[PDB]
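Report on the structure given below.
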């Protein structure tokens, strides 16, 4: 199983009740009909819990080592904000609230386009408000390829394997040159024979060129003006730059804003994805040595701007009798963009709230600040008094100077549409087998929902014990110690891809905290108490390293310390300075939880509460997977190889069955060979 | 003009400082009342409904400038600006201003520039021989602090008015 | 710098920011008094005044109820000049006067205060308690507010902050008992409520203006730092760089980063994207949490004499106000009133170890208030007195009229 999945966020039109958007109850008084008071929660860890102290992070070789954060008593300090975010995201799932944190999803996402797509691109230059195509001596076929096996639209400037200096040309040099038609395979091209700057004279017509290996001369020789389009020696087989033959044939086409904003998004992708690489001082692609960064990647912000005279490839087709320009691209085989931005795939009833009139259940319970305007609400729920009950709660693995290097915690890559895109707004996975172009493609598609890390059910005894031992290259009961970085050649892979922890909070250590709540409705309280009284073997996921299995926790209410009343009960409490009876919430908890459950059934159209899709999905997350397939990130080998090559499964998937991330409710495991 | 050795020069200097202080504070509060001058002097601006930079950056700088008691302390202020522009996460907050971090550095590094922005004629406000030069050097740090505080106050008053 | 908090939304009310400049604590000025006596003594009320000044009983300036104005007299000297006589006039011209030992007269009469109830709350942060400093630091975004206290700086919770949280709880209790909603009302309307307008005051708007009978001190930390030590923290540019020296120095543990961070702990907070699970970068922020800062006891002063003037001398009306004040202290002791920044975000809950109620010249019926409480539920107060208060409270609840007529 993949270590994350998604509970679907359903559109919330016509949701009319407490689960609907509503004006908040406020803080001014305890409403007679709404419940306020303190819930005492026992938290006990089920797997080890990571609480990094970033304030004490040791850094060597750009590898960060974190100790456990401890309080004034030296016990582990589990921060209330960490519990709050665990609770909020779980609450927001089961109430189908707005997404509280939905940041920076308004650009399109980028991915490698098919290698066949480079044949469909024509040399182009923007000239003012027009992009002007430069097919040269050849003419644009209907599909965009050079028609009827006429030559490639650009001349090839031999630059590396054979070199044609002036009488070395650089990107955007206006040049005048002889070229010869040369043949390879199914295609032919104009080989630049000799070249001059546009002011200089290129000299007399050259004779029959030498055949350069499999590049055979035709003897058809011409001279042209053009611009040299150069990108660096940016993949290993690269021999030649390009010259956009301006002299011969041309087509001016309007440059719409959509084309220029696509270019900005495309080039910012190229730049940002390698910012860490070029800051490290790396000179070339992450898996191709000896190549050099492609020009647009090293180029500055100005490359995004698509300013006058800049050169591009235009993806073109002659549909409807016009040269349609689909997209502008910086290279023949290129990154490109999905059709739709992820912010357009999320419903307006699910986006973060932008008005007090549209506060969802979790915006009311946990509070809200408007990110795109004025407006804020103080949370009706307060987590406080987090006390570790165990004293020897922190495992230091033998000495205070030991550490376990954790497995790589990579950035989430929503650009993998098969994992993060839904085939409809009700959160169904993309269909398997379809082309990658089919993600983020239609407004009627959707987002997968809320990302969750299902509990790692069925971890064997001793899986977490003695973690400084590298056991990851060996099955134990079929598990492969996913939380630890493997050894490489017998030495620890402490680098800037992972982190180290000096210790962790042991399994079975107990924390107590309190929740103070104000003016919760029975539905809002029912949702909360439902989360705090889940059936056995349902666990929340807390802290860091959740995809490695860390931070599964058991939450249950301590009833003797809990004191919930409605505003009529508080009105009686403040009516006296003498001690007074408190109402026993334990007679009412079932009522409130059933109030929540009946509201979810009624507003989200289900004949059962546990068959509501987000409820069904959320339960599976808390419960984990019953088929005893191991949770780990996809990889081609059952063992985690000591190199970061888990992408090999994804490329095998892309060429293979093209599986989407299975629905969380369905509990379907991935195969180790998706071929 | 009063001779420099004159026994009432201590009392005259008292009246001068009062007259200059009131002139500086009034002119500062005039300048700070206008969005264009606030942007001209410190680069800070209001863009519809959010301030450039955020008020916590203005509060951060304002909590630094209060340590500017004299021209000798000015390296504390330009020191702070170095650490702002040293790192992108800080630099990017001010980068939507009208060049505010250079404008702040100019106002603190150039002893004349505060007096050019205030543009007060202090000849009616001085009577001591060489009084203007002595008062300008004495009141420079206070005048800078006065103007910056006024601008930040006026900015946040309009910022709230945009949000109300 | 401060702000009013909207009682419905719980957030900074728009248009209710305020700024106040303050002479720092520990500042000194001369007691500059001359008294002309027309009889051969010194007046009792003037001796009482000097005793009150030495007791710290007199408040000076603005914001007396909301953090400020407390002064104490030291080094009191009395010089006598018998201007009726030649020896005393020439003494006035030449000799700097006949010294009086104040300790004699101060012993020879009983000091009489006007009625007040002191409340001293011994408390500790159950979770870090700070007021936010208005400026971000370089390494730390959210920094504790400090204030100059003598030649040192200390962390401070302004009495404005403690006053406002206590006022909010008072108003919430009354509006619950009345089931009255403040959602429609504006901030100024949200504050006008019965029994809170007297204990906390009403704004002088043309007049319902009143000063609060209840006054709260600025509460300073028992920890203190040199001013340059704290500037070293404020200037610190790197959380694991020069901040660690600066925090080690300021907390007084220069060689123990563990003990330093048990006092002042830097804390990172990150918002997580719901769809992707990624840190919503740009929503990363840092707080210097005063997890192990010890605080001096909160000093609350109830001016019982002020309440009497509002209620027209009749101390039976005092009982509903006293009842509310005890109901608020019961909530403060039961952790229901968090203080300062970030209360829903892991800060601000306090333990109350002890409430010392110290009445001077209280009426006999409130005399059971002279107590030190350690039960949070006020069962150290006499049950007959708490039932007595409870009855006057319940009577007012039945007709929630404005006592003040």
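We place every Cβ from the backbone using ideal geometry, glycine too, and count neighbours over all the protein chains shown. Readers should treat all values here as calculations from the given coordinates under stated rules, not as data from a laboratory.
So here's what we get for this one:
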{"item": "Relative frequency of Cα-Cα separations exceeding 21 Å in the stretch A:1-119, percent", "result": "69 percent"}
{"item": "Shape category assigned to the stretch A:119-253 from the gyration tensor of Cα positions, a/c cut at 1.5", "result": "rounded"}
{"item": "GNM flexibility winner over chain B from B:14, B:58, B:147 (Cα, springs under 10 Å)", "result": "B:14"}
{"item": "Spatial separation of Cα centroids for the stretch A:396-428 and the stretch C:333-373, in angstrom", "result": "47 Å"}
{"item": "Descending principal axes extents, chain B, alpha-carbon based, whole Å", "result": "56, 34, 20"}
{"item": "All-pairs alpha carbon distance profile, the stretch A:43-87, 5 Å steps from 0, percent", "result": "5, 18, 23, 25, 15, 9, 3, 0"}
{"item": "222 nm mean residue ellipticity, helices alone, for the protein assembly as shown (DSSP H n ≥ 4; -39,500 (n - 2.57); rounded to 500)", "result": "-8000 deg cm²/dmol"}
{"item": "Size descriptor, Kirkwood hydrodynamic radius, that averages inverse alpha-carbon separations across the stretch A:37-183, Å", "result": "23.6 Å"}
{"item": "Chain A: C-alpha gyration tensor shape, a/c 1.5 cut-off, then a/b vs b/c", "result": "prolate"}
{"item": "Exposure proxy ranking, count of Cβ atoms within 10 Å, fewest first, for C:130, C:239", "result": "C:239, C:130"}
{"item": "Average projection area in nm² (convex hull over Cα atoms of chain C, one quarter of hull surface)", "result": "26.8 nm²"}
{"item": "Estimated D of the stretch A:239-295 in µm² per second, where Rh is the Kirkwood radius over Cα pairs and Stokes-Einstein applies at 25 °C, 0.890 mPa s", "result": "168 µm²/s"}
{"item": "Spherically averaged projected area of the stretch A:390-528 from its Cα convex hull (nm²)", "result": "14.5 nm²"}
{"item": "Expected-Rg normalisation [2.2 N^0.38 Å, Cα atoms] applied to the stretch A:385-427", "result": "2.20"}
{"item": "At 0.692 mPa s and 37 °C, Stokes D of the stretch A:597-667 from Kirkwood alpha-carbon radius, µm² per second", "result": "221 µm²/s"}
{"item": "Inter-part distance where the stretch A:627-663 and the stretch C:72-118 are each reduced to a Cα centre, Å", "result": "92 Å"}
{"item": "For the stretch C:278-405, diffusion coefficient by Stokes-Einstein and Kirkwood Rh (Cα), 10 °C, 1.306 mPa s, µm²/s", "result": "92 µm²/s"}
{"item": "Rg and Dmax [Cα atoms of the stretch A:72-139; Å; Rg one decimal, Dmax integer]", "result": "26.2, 80"}
{"item": "Rg/Rh ratio calculated on Cα atoms of the protein assembly as shown (Kirkwood radius)", "result": "1.04"}
{"item": "Overall Cα dimensions of the stretch A:521-675, principal axis frame, Å, largest first", "result": "72, 37, 20"}
{"item": "Residues C:178, C:219, A:22 arranged by fewest to most Cβ contacts within 10 Å", "result": "C:178, A:22, C:219"}
{"item": "Distant alpha-carbon pairs in the stretch C:58-98 (separation over 16 angstrom), percent", "result": "57 percent"}
{"item": "Three semi-axes of the equivalent ellipsoid, the stretch C:102-213, Cα gyration tensor, whole Å, largest first", "result": "31, 29, 14"}
{"item": "Within the stretch A:94-110, backbone nitrogen closer than 17 Å to the virtual label 7 Å beyond the Cα of residue A:347 toward Cβ", "result": "A:94-100"}
{"item": "Whole-Å distance, taken between Cα centres, linking the stretch A:1-72 and the stretch A:122-198", "result": "58 Å"}
{"item": "Cα shape, the stretch B:1-80, gyration tensor, a/c 1.5 rule", "result": "oblate"}
{"item": "Sorted by Cβ neighbour density within 10 Å, fewest at the top, the residues A:268, C:110, B:78", "result": "C:110, B:78, A:268"}
{"item": "Cα Rg over Rh - the stretch C:1-150, Kirkwood", "result": "1.14"}
{"item": "Ratio of Rg to Rh over the stretch C:352-405 (Cα coordinates, Kirkwood Rh, two decimals)", "result": "1.04"}
{"item": "The stretch A:244-391 - Rg and Dmax from Cα coordinates, angstrom", "result": "24.0, 82"}
